[PDB]
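Everything below belongs to input.txt, which stores compact mmCIF, C-alpha atoms and all ligand atoms.
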```txt
# COMPACT_ATOMS: atom_id res chain seq x y z
CA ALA A 1 84.70 66.35 101.46
CA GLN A 2 84.92 63.11 99.47
CA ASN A 3 82.54 62.48 96.51
CA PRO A 4 80.84 65.94 96.64
CA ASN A 5 78.79 65.41 93.46
CA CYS A 6 77.27 62.22 95.15
CA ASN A 7 78.11 59.88 92.29
CA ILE A 8 77.56 56.15 92.61
CA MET A 9 80.92 54.53 93.33
CA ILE A 10 82.03 51.07 92.27
CA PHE A 11 84.42 49.01 94.41
CA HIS A 12 86.66 46.06 93.56
CA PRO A 13 87.90 44.63 96.90
CA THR A 14 90.72 42.06 96.91
CA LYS A 15 90.12 38.68 98.63
CA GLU A 16 92.02 40.05 101.62
CA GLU A 17 89.85 43.17 101.80
CA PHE A 18 86.71 40.93 101.55
CA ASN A 19 87.33 39.31 104.94
CA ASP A 20 86.11 42.00 107.24
CA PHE A 21 82.69 43.29 106.20
CA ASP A 22 82.35 46.13 108.73
CA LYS A 23 85.81 47.40 107.96
CA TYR A 24 85.13 47.51 104.18
CA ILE A 25 81.83 49.38 104.66
CA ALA A 26 83.70 51.90 106.77
CA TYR A 27 86.42 52.14 103.98
CA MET A 28 83.79 52.85 101.37
CA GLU A 29 82.35 55.63 103.49
CA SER A 30 85.88 57.10 104.02
CA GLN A 31 85.89 57.57 100.23
CA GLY A 32 82.47 59.18 100.20
CA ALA A 33 80.39 56.29 98.86
CA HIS A 34 77.45 57.02 101.13
CA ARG A 35 76.90 60.42 99.64
CA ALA A 36 75.34 58.81 96.51
CA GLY A 37 72.95 56.70 98.57
CA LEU A 38 74.04 53.51 96.70
CA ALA A 39 77.33 51.74 95.90
CA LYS A 40 78.28 48.70 93.80
CA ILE A 41 80.71 46.06 95.08
CA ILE A 42 82.20 43.59 92.61
CA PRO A 43 83.49 40.56 94.57
CA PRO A 44 87.03 39.27 94.09
CA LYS A 45 87.31 36.80 91.28
CA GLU A 46 88.19 33.96 93.74
CA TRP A 47 84.83 34.34 95.55
CA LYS A 48 81.59 32.52 94.99
CA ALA A 49 78.20 32.58 96.80
CA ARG A 50 77.65 28.91 96.22
CA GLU A 51 78.75 26.13 93.78
CA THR A 52 75.74 26.11 91.40
CA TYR A 53 72.12 27.28 91.09
CA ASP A 54 71.01 24.01 89.51
CA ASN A 55 68.89 22.80 92.39
CA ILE A 56 66.65 25.85 93.27
CA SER A 57 63.47 25.03 91.39
CA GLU A 58 61.61 23.54 94.28
CA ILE A 59 61.76 26.69 96.47
CA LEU A 60 58.16 27.82 97.04
CA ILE A 61 56.88 31.30 96.33
CA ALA A 62 53.88 31.05 98.67
CA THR A 63 52.29 34.44 97.69
CA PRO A 64 53.45 35.72 94.27
CA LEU A 65 52.42 39.41 93.83
CA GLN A 66 50.91 40.79 90.59
CA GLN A 67 52.00 44.42 90.37
CA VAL A 68 49.06 46.39 88.96
CA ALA A 69 49.76 50.05 87.99
CA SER A 70 47.55 53.14 87.96
CA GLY A 71 48.42 56.64 86.73
CA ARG A 72 50.54 57.84 83.84
CA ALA A 73 53.69 56.39 82.38
CA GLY A 74 56.09 58.53 84.38
CA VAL A 75 53.98 58.95 87.61
CA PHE A 76 52.12 55.91 88.82
CA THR A 77 51.31 53.79 91.85
CA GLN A 78 51.26 50.02 92.01
CA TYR A 79 49.23 47.66 94.12
CA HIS A 80 50.04 44.10 94.84
CA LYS A 81 47.43 41.48 94.01
CA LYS A 82 48.04 38.13 95.69
CA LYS A 83 48.25 35.07 93.38
CA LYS A 84 48.28 31.33 94.01
CA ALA A 85 51.49 29.69 95.25
CA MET A 86 54.02 28.41 92.74
CA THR A 87 57.52 26.94 92.80
CA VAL A 88 60.59 28.75 91.49
CA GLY A 89 60.56 26.34 88.50
CA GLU A 90 56.99 27.26 87.71
CA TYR A 91 57.75 30.96 88.15
CA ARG A 92 60.80 30.83 85.87
CA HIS A 93 58.64 29.23 83.15
CA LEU A 94 56.03 31.94 83.55
CA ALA A 95 58.72 34.70 83.41
CA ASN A 96 60.01 33.19 80.12
CA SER A 97 56.50 32.91 78.57
CA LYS A 98 55.54 35.07 75.61
CA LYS A 99 53.20 37.16 77.82
CA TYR A 100 55.92 38.05 80.34
CA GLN A 101 59.37 37.73 78.72
CA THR A 102 61.80 40.58 78.09
CA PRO A 103 61.29 42.12 74.59
CA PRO A 104 64.01 42.35 72.02
CA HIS A 105 66.28 45.29 72.71
CA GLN A 106 69.65 46.84 71.71
CA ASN A 107 71.25 47.55 75.03
CA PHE A 108 70.36 48.50 78.63
CA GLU A 109 69.45 52.06 77.58
CA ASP A 110 66.93 50.89 74.98
CA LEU A 111 65.41 48.50 77.56
CA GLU A 112 65.14 51.36 80.11
CA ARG A 113 63.29 53.44 77.50
CA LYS A 114 60.88 50.57 76.86
CA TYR A 115 60.34 50.10 80.61
CA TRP A 116 59.30 53.71 81.21
CA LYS A 117 57.22 53.88 78.11
CA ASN A 118 55.29 50.65 78.60
CA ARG A 119 55.45 49.46 82.27
CA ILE A 120 51.98 50.65 83.19
CA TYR A 121 50.29 48.59 80.48
CA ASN A 122 51.41 45.26 81.94
CA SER A 123 51.09 43.56 85.36
CA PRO A 124 54.23 41.49 86.03
CA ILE A 125 54.35 38.91 88.88
CA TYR A 126 57.08 39.34 91.61
CA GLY A 127 58.14 36.65 94.18
CA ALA A 128 59.17 39.05 96.88
CA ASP A 129 60.11 39.06 100.46
CA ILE A 130 60.64 35.30 100.87
CA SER A 131 62.50 34.48 104.07
CA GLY A 132 65.59 32.42 103.24
CA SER A 133 69.15 32.31 101.84
CA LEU A 134 71.00 30.96 98.81
CA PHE A 135 74.52 31.47 100.30
CA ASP A 136 76.36 28.23 101.00
CA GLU A 137 76.98 27.81 104.70
CA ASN A 138 80.69 27.42 103.86
CA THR A 139 80.92 30.85 102.18
CA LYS A 140 82.60 32.86 104.88
CA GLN A 141 82.92 36.28 103.20
CA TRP A 142 79.93 38.56 102.57
CA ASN A 143 77.44 35.83 103.38
CA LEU A 144 74.19 37.71 103.93
CA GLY A 145 72.92 35.05 106.30
CA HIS A 146 75.97 35.53 108.63
CA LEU A 147 76.17 39.23 109.17
CA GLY A 148 76.19 40.88 112.58
CA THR A 149 72.63 41.63 113.61
CA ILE A 150 71.09 45.08 113.97
CA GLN A 151 70.03 44.17 117.53
CA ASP A 152 73.63 43.42 118.43
CA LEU A 153 74.79 46.69 116.80
CA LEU A 154 72.24 48.68 118.88
CA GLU A 155 73.42 46.85 121.97
CA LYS A 156 77.08 47.49 121.21
CA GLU A 157 76.48 51.21 120.56
CA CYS A 158 73.81 52.07 123.08
CA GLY A 159 74.08 49.34 125.75
CA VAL A 160 70.41 48.24 125.56
CA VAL A 161 69.65 44.56 124.92
CA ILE A 162 66.49 44.09 122.81
CA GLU A 163 64.39 41.27 121.35
CA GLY A 164 64.30 40.61 117.61
CA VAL A 165 66.06 38.85 114.83
CA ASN A 166 67.41 39.93 111.44
CA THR A 167 67.28 37.41 108.52
CA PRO A 168 67.62 37.68 104.74
CA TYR A 169 64.97 37.68 102.06
CA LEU A 170 64.89 36.28 98.52
CA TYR A 171 63.33 38.07 95.54
CA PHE A 172 62.48 36.23 92.30
CA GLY A 173 61.85 38.80 89.54
CA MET A 174 60.75 38.98 85.93
CA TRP A 175 60.67 41.72 83.23
CA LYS A 176 59.06 44.92 84.50
CA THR A 177 58.88 43.79 88.12
CA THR A 178 59.29 47.00 90.06
CA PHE A 179 60.51 48.34 93.41
CA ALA A 180 58.87 51.62 94.33
CA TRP A 181 60.61 54.71 95.77
CA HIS A 182 61.57 54.07 99.40
CA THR A 183 64.20 54.18 102.08
CA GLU A 184 64.69 51.19 104.38
CA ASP A 185 62.77 50.56 107.59
CA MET A 186 64.16 52.93 110.23
CA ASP A 187 66.45 54.35 107.46
CA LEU A 188 68.75 51.29 107.77
CA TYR A 189 71.35 50.20 105.25
CA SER A 190 70.51 47.39 102.89
CA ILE A 191 72.72 44.97 100.98
CA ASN A 192 71.52 43.12 97.90
CA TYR A 193 73.26 40.32 96.03
CA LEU A 194 72.03 39.39 92.53
CA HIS A 195 72.52 35.58 92.59
CA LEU A 196 71.44 34.79 89.07
CA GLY A 197 69.71 35.80 85.90
CA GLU A 198 68.98 39.10 84.23
CA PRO A 199 70.02 42.55 85.53
CA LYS A 200 68.33 44.98 87.93
CA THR A 201 68.41 48.75 87.19
CA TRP A 202 68.50 51.08 90.20
CA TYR A 203 67.77 54.77 90.68
CA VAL A 204 68.83 56.64 93.85
CA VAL A 205 68.60 60.08 95.44
CA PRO A 206 71.53 61.25 97.58
CA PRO A 207 70.61 61.22 101.32
CA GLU A 208 71.37 64.88 101.62
CA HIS A 209 68.60 65.55 99.06
CA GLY A 210 65.95 63.10 100.22
CA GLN A 211 63.58 65.80 101.36
CA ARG A 212 63.48 67.15 97.77
CA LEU A 213 62.14 63.85 96.60
CA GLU A 214 59.58 63.80 99.43
CA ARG A 215 58.34 67.31 98.49
CA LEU A 216 57.91 66.24 94.87
CA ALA A 217 56.13 63.09 95.91
CA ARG A 218 53.63 65.07 98.03
CA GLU A 219 52.88 67.25 94.92
CA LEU A 220 52.54 64.23 92.57
CA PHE A 221 50.46 62.01 94.90
CA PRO A 222 48.37 64.61 96.73
CA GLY A 223 45.63 62.27 98.12
CA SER A 224 48.24 59.84 99.43
CA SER A 225 50.08 62.74 101.07
CA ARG A 226 46.96 63.84 102.90
CA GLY A 227 46.34 60.27 104.11
CA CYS A 228 49.79 59.85 105.67
CA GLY A 229 52.72 62.07 106.43
CA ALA A 230 55.20 59.30 105.45
CA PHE A 231 53.38 57.62 102.62
CA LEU A 232 56.52 56.60 100.73
CA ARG A 233 56.83 53.95 103.53
CA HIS A 234 53.95 52.25 101.75
CA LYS A 235 56.29 51.39 98.92
CA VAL A 236 53.83 52.02 96.11
CA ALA A 237 54.87 55.16 94.25
CA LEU A 238 56.93 55.44 91.05
CA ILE A 239 58.42 58.55 89.42
CA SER A 240 60.41 58.27 86.16
CA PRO A 241 63.84 59.71 85.54
CA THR A 242 62.35 62.08 82.99
CA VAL A 243 59.95 63.42 85.64
CA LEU A 244 62.69 63.74 88.24
CA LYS A 245 64.87 65.71 85.69
CA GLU A 246 61.88 67.99 84.86
CA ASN A 247 61.51 68.84 88.57
CA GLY A 248 65.23 69.23 89.27
CA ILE A 249 65.59 66.33 91.69
CA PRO A 250 69.10 65.13 91.99
CA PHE A 251 69.54 61.36 91.29
CA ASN A 252 71.75 58.72 89.73
CA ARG A 253 71.19 55.40 88.01
CA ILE A 254 73.16 52.15 87.65
CA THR A 255 72.54 48.58 86.43
CA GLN A 256 73.47 45.63 88.70
CA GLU A 257 74.39 42.33 87.03
CA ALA A 258 74.47 38.76 88.33
CA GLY A 259 77.37 38.30 90.79
CA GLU A 260 77.41 41.87 92.05
CA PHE A 261 76.43 43.44 95.38
CA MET A 262 74.70 46.73 95.91
CA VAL A 263 74.66 48.60 99.21
CA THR A 264 72.03 51.25 99.98
CA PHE A 265 72.96 53.80 102.66
CA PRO A 266 70.81 55.37 105.40
CA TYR A 267 68.10 57.61 104.04
CA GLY A 268 69.06 56.88 100.40
CA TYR A 269 65.77 56.73 98.47
CA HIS A 270 65.89 54.08 95.75
CA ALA A 271 63.60 52.49 93.09
CA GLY A 272 64.13 50.23 90.17
CA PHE A 273 63.13 47.33 87.91
CA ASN A 274 64.23 43.88 86.80
CA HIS A 275 65.21 43.14 83.17
CA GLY A 276 64.01 39.49 83.12
CA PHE A 277 64.00 36.36 85.24
CA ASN A 278 66.34 36.80 88.20
CA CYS A 279 66.93 36.01 91.88
CA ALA A 280 68.29 38.46 94.41
CA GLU A 281 68.92 38.18 98.19
CA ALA A 282 68.87 41.17 100.50
CA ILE A 283 69.04 42.09 104.17
CA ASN A 284 69.11 45.22 106.32
CA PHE A 285 72.11 46.10 108.44
CA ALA A 286 73.42 48.79 110.70
CA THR A 287 76.72 50.51 111.57
CA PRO A 288 77.53 53.07 114.21
CA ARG A 289 76.81 55.91 111.72
CA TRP A 290 73.22 54.61 111.28
CA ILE A 291 72.17 55.35 114.87
CA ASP A 292 71.51 59.04 114.27
CA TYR A 293 69.42 58.26 111.17
CA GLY A 294 67.38 55.73 113.07
CA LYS A 295 66.55 58.33 115.67
CA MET A 296 65.31 60.74 112.97
CA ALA A 297 63.51 58.29 110.63
CA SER A 298 60.00 59.12 109.60
CA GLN A 299 57.30 56.73 110.38
CA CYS A 300 53.99 55.64 108.89
CA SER A 301 51.31 55.53 111.62
CA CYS A 302 48.22 55.35 109.23
CA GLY A 303 48.34 51.57 109.28
CA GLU A 304 49.33 50.88 105.71
CA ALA A 305 53.04 50.25 106.04
CA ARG A 306 52.73 47.26 108.48
CA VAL A 307 56.23 45.85 109.19
CA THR A 308 58.30 43.19 111.00
CA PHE A 309 58.28 42.23 114.63
CA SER A 310 61.83 43.52 115.03
CA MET A 311 61.01 47.15 114.15
CA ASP A 312 59.10 47.44 117.44
CA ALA A 313 62.19 47.62 119.56
CA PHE A 314 63.94 50.06 117.26
CA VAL A 315 61.04 52.55 117.52
CA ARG A 316 60.66 51.88 121.25
CA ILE A 317 64.29 52.60 122.06
CA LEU A 318 65.26 55.20 119.45
CA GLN A 319 61.90 57.04 119.13
CA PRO A 320 60.10 56.71 122.48
CA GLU A 321 57.93 59.82 121.84
CA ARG A 322 56.62 58.29 118.56
CA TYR A 323 56.21 54.79 119.99
CA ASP A 324 52.57 54.94 121.22
CA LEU A 325 51.21 56.46 117.97
CA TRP A 326 53.30 54.16 115.74
CA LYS A 327 52.19 51.07 117.63
CA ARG A 328 48.50 52.10 117.21
CA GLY A 329 49.24 52.02 113.44
CA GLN A 330 50.70 48.52 113.80
CA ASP A 331 47.56 47.24 115.71
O1 LIG A 401 65.44 44.00 94.76
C1 LIG A 401 64.33 44.56 95.06
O2 LIG A 401 63.13 44.32 94.59
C2 LIG A 401 64.28 45.58 96.16
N1 LIG A 401 65.49 45.66 97.00
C3 LIG A 401 65.75 46.70 97.78
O3 LIG A 401 64.99 47.68 97.91
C4 LIG A 401 67.00 46.68 98.57
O4 LIG A 401 67.82 45.74 98.39
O5 LIG A 401 67.05 47.65 99.37
MG MG A 402 64.83 23.48 95.19
NI NI A 403 65.41 48.81 99.54
ZN ZN A 404 50.98 55.46 106.15
```
In structure tokens, write the structure found in this file.
Amino acid sequence: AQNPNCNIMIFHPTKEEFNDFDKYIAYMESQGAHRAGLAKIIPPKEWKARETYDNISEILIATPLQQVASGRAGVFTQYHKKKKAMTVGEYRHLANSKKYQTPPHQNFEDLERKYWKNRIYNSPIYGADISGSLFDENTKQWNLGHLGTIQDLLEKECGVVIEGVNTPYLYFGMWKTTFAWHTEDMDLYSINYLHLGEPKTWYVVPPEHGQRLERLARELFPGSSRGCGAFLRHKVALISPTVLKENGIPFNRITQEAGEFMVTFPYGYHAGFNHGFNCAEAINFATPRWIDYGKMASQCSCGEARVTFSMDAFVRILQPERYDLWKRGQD
């Protein structure tokens, strides 16, 4: 069995190996990458996403989200308070302001310490989940706007044609902006490209150990657990590495820098934070190996998790027994 300790693997494909996306994902899995839940892909040196980032300031962040925390430093939830619209230029200025900018630090490890110590005492503003793309239409390799769609994958594997579309999302981050512990909708893969700016630190639990994280989460967030049997789908709960170590949950951590891709694998729980002003692009995708995870994915039916149009068909076809109850949650 490849990669039995479930370490995060880093890949350096050649330009020739960067042509065929599906084939490279399948190569990575042949080497055990999926066992970690997360992999890093450094593109060939010849590759670029686009020529420059000099003309992005007029993108609109229609609903910036202020991430307000409650709890203790290592075990907290966050809620998202909607703020007034602002452009990317306005947001970048705010990120760089004395109130919100990254503090002086020695290295990534010192910054990580400061994050876990102090995150709860501040409420950073995240421009998340903005439909769109920063890949140039002429970038032919690993262009997240030109991937094969999940609906076409389901059709190719299972023969059923379904409605729905699959498009990327932009994330504009600042210091302390935070992604809570989650897997993807329907336990899909995700791919994330950091286009510009400061790094993003990731934590991940191997898929084979996801249920250990869930059991801890039910203990640490007992009211949330009673409210919903899949409350991590709400994407609001944070647990520090110190807390995970104290409770013996297996995990790994890695920092993504500008110009690098990360891939999350089916049922790989992940969380993390941004180091300063940045912009990432991400999209879900599927492979043949995903199908069995989609059939087994937990679902939120309490009404909180509220998701895309396109998840309807996945639940309807892969989880017909759950469909009625899940749809009640959606309506
Ligand atoms: O970058 C972020 O805020 C969150 N991204 C992801 O969870 C992902 O790419 O799967
Ligand atoms: Mg612009
Ligand atoms: Ni994710
Ligand atoms: Zn729920």
7 Å contact set for stretch 288-294 of chain A, all atoms listed in the file, chain neighbours under 6 positions out, as a PyMOL selection string
chain A and resi 157+186-188+266+318
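Proximity ranking of A:71, A:37, A:248, A:104 relative to ligand LIG 401 (chain A) places A:37 first, based on all atoms listed in the file.
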Residues near stretch 61-69 of chain A, cut-off 10 Å, only C-alpha atoms, skip fewer than 6 positions along chain, as a PyMOL selection string
chain A and resi 75-91+119-130+170-172+176-179+236-238
With distances taken over all atoms listed in the file, which of A:56, A:174, A:147, A:73 is nearest to residue A:275?
A:174
Residues within 9 Å of ligand NI 403 (chain A), counting all atoms listed in the file, as a list in words
residues 179, 180, 181, 182, 183, 184, 185, 189, 190, 191, 192, 264, 268, 269, 270, 271, 282, 283 and 284 of chain A
